[PDB]
Every structure is written in structure tokens, then in C-alpha cells.
């Protein structure tokens, strides 16, 4: 999954209605509601929104016909493979009715455009690994760590060196395989 690397604002007029999409990365529901509260415009016709944080998601039509604003925004977030993102779409009615179909395309479309234009970065979960290395294998492990640009907490004991490492979840498997290979399996995973 990708998340936003900065906040973005994108405005577009559709059949005279003014749509302003404001998006930001959010790592907790507290942050999502804080962002929405700060960016909502009280005198707008509607402040539709949606956000996704892992399994947690939320969407709101704020008065628009049910299913025409909130879900389309959430679908735009999901369609671009984003997570830990909140999107608000402020709307100022301009005198021309868009119709349910047009609303779905407007809210979803403007949210999608804002998300496409925003800078994005991979959403990575940091995880830890710990293992005990016999003294005969320590040299090979330090070389491996250097070779993979990894730094670890080290504890020297009578049975060898205990290493504690933090790294991206997607890289955990590759590292353990590299470790087991460099030491020919002579290590105790903890």
C-alpha cells in the first residue's frame, strides 16, 4: 500500500458547482477527525469525506443523497491502492443539479484527481528480528549487515552475539534468508 507524503488540495468546478478536495495522510482516527474538523467549511453546501486506516474505514455523504459522496471518495482511495489517507470534498452548489450519477462521478473524480496529484510513498510497517550468532559466525553476520545497510543492537554473551534488528516488514523474509545462507544455518532465531 501507498500513503500520502504530504497534504494536497485540488479544486474543480463541475456544472457550476465548486468541489474542493483536501487530502492528507492519517495514521489514526484521531488524526483523521482532527484533519476533517480543521478543513471542513461550515457554510459549504456539503462536506463529504472518507478515510481508510488499515481495516478501519469511514465515509460520509454529509447530506447528499446516500451513496453519492462518501463511498465514491472511499472508492477513489482504494482504486489507487492507498491506505492511511483521509479525503474531504467540500461542495458549493452552483445552481445546476448534477444528478445522482453525476454526483458519484464528481465526488469520486475530484477525490481521485487530488490523490493522483499528491506525492505518495510506500506505507511500510517496521518489524523486529532477534537472533543469537555463535562467535565463529559473527564476522559473516557483521559483513551481511553492512552489505544490506542494516544496523542492529548487539549483546555479547558467553554463547555468542545476540542481535536485535528493526526493518521493513516486506524485507524481513529476504533478510532472514540472507542470514541463514551466510551462516549456513548456524544461528538461533529468537
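Numbering follows the first chain given and starts at 1.
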Taking only the CA atoms, which stretch has the higher mean B-factor in the record, 11 to 19 or 164 to 172?
164 to 172
Given 114 to 122 and 84 to 92, the range whose Cα B-factors average higher in the PDB entry
114 to 122
Whose CA atom has the top B-factor in the entry, of 68, 28, 39, 155?
39
Highest Cα temperature factor in the entry, among the options 32, 145, 138, 132: which one is it?
138
Lowest, middle or highest third of the chain for the C-alpha temperature factor of residue 50?
lowest
Compare the C-alpha B factor of residue 62 with those of the other modelled residues in its chain, then answer lowest, middle or highest third.
highest
Per the entry's values, where does residue 186 land by CA temperature factor relative to the rest of its chain, in the lowest, middle or highest third?
highest
Per the entry's values, where does residue 98 land by CA temperature factor relative to the rest of its chain, in the lowest, middle or highest third?
middle
